[PDB]
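Visitor: My questions will all concern the structure given below.
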Amino acid sequence: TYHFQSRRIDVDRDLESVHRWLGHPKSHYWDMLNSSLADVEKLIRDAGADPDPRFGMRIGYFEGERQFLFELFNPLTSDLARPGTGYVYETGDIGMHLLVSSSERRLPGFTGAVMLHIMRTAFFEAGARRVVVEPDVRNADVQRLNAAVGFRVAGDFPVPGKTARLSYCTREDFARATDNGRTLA
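The opening position of the sequence shown corresponds to residue 1144 in PDB author numbering, with each subsequent residue numbered one higher.
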């Protein structure tokens, strides 16, 4: 079964893969279809530009091959911090986005193992006390991934072109839901 590691993104080597993944139609919620390599470099650079080194994009690996990208972002420089969204920032909050590779063929439980790895990384390596996500309400696959690791829906809020579904996963809710990262809810 899947056991993942991850490392910080390397723009000098990862651009080709990340650009490919973003061009797959299943990645359309990232809004980077038909982007150039330079467009993807800017996406990665912007994600890496917070002063705090805990934030930025990471690449997951299994058996020597890239498997996914995840971004641990600063909520206070994201859409979440727009006045009036209803997000209530707590010290230690970290945002997360996930991009899976464009490979189609997986072993059982791929995205559950992905999510367990991301959440453990956020809490134990990046010091998060709570993970916050704001996917498009129409992105039903993400809602299932969220539930699998203990996220609770807080509500929906409008951003231009999108209704976002705000969900939170405290370290406490993750540990209870997954038996300390052993399994899915």
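Beta carbons: idealized from backbone N, C-alpha and C, even for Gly.
What are the boundary residues of the beta strand (DSSP E) that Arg-1281 is part of?
Guide: Taking the first residue of the sequence shown as 1, we reach residue 1281 at position 138. Careful: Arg-1281 lies outside any beta strand (DSSP E) and carries neither H nor E.
Visitor: Helix, strand or coil for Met-1200? Go by DSSP, reduced to three states.
Guide: Residue numbering aside, residue 1200 sits at position 57 when the sequence shown is read from its first letter. Reduced to three states, the DSSP call for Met-1200 is strand.
Visitor: Using three-state DSSP, classify residue 1086 as helix, strand or coil.
Guide: Only positions 1144 to 1328 of the chain appear in the structure, and residue 1086 is not among them; the question remains open.
Visitor: What does a CB cutoff of less than 6 angstroms around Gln-1148 pick up in its chain, not counting 5 residues either side in sequence?
Guide: Your numbering for residue 1148 matches position 5 in the sequence shown. Excluding sequence neighbours, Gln-1148 sits near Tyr-1204.
Visitor: Tell me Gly-1298's beta-bridge partners as DSSP assigns them.
Guide: Position 155 of the sequence shown holds residue 1298. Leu-1309.
Visitor: Sort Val-1302, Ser-1244, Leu-1223, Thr-1321 by Cα distance to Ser-1310 and report the nearest one.
Guide: Here residue 1310 refers to the residue found at position 167 of the sequence shown. Comparing Cα positions, the closest option is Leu-1223.
Visitor: Please report the straight-line C-alpha distance between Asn-1289 and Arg-1295, rounded to a whole angstrom.
Guide: On the sequence shown, position 146 is the one that residue 1289 refers to. On the sequence shown, position 152 is the one that residue 1295 refers to. Approximately 8 angstroms, taken between the alpha carbons.
Visitor: With a Cβ-Cβ cutoff of 7 angstroms, do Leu-1259 and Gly-1324 count as a contact?
Guide: If you number the sequence shown from 1, residue 1259 lands on position 116. If you number the sequence shown from 1, residue 1324 lands on position 181. Their beta carbons are under 7 angstroms apart, which means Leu-1259 touches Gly-1324 by this criterion.
Visitor: Counting beta carbon pairs with one atom in the stretch 1229–1244 and one in the stretch 1315–1322, are three or more of them shorter than 8 angstroms?
Guide: Segment contact: the stretch 1315–1322 against the stretch 1229–1244, fewer than three CB-CB distances shorter than 8 angstroms; contact not assigned.
Visitor: Could you give the residue range of the beta strand (DSSP E) that holds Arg-1150?
Guide: If you number the sequence shown from 1, residue 1150 lands on position 7. It spans 1148–1151 - the beta strand (DSSP E) in which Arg-1150 sits, taken as one unbroken run.
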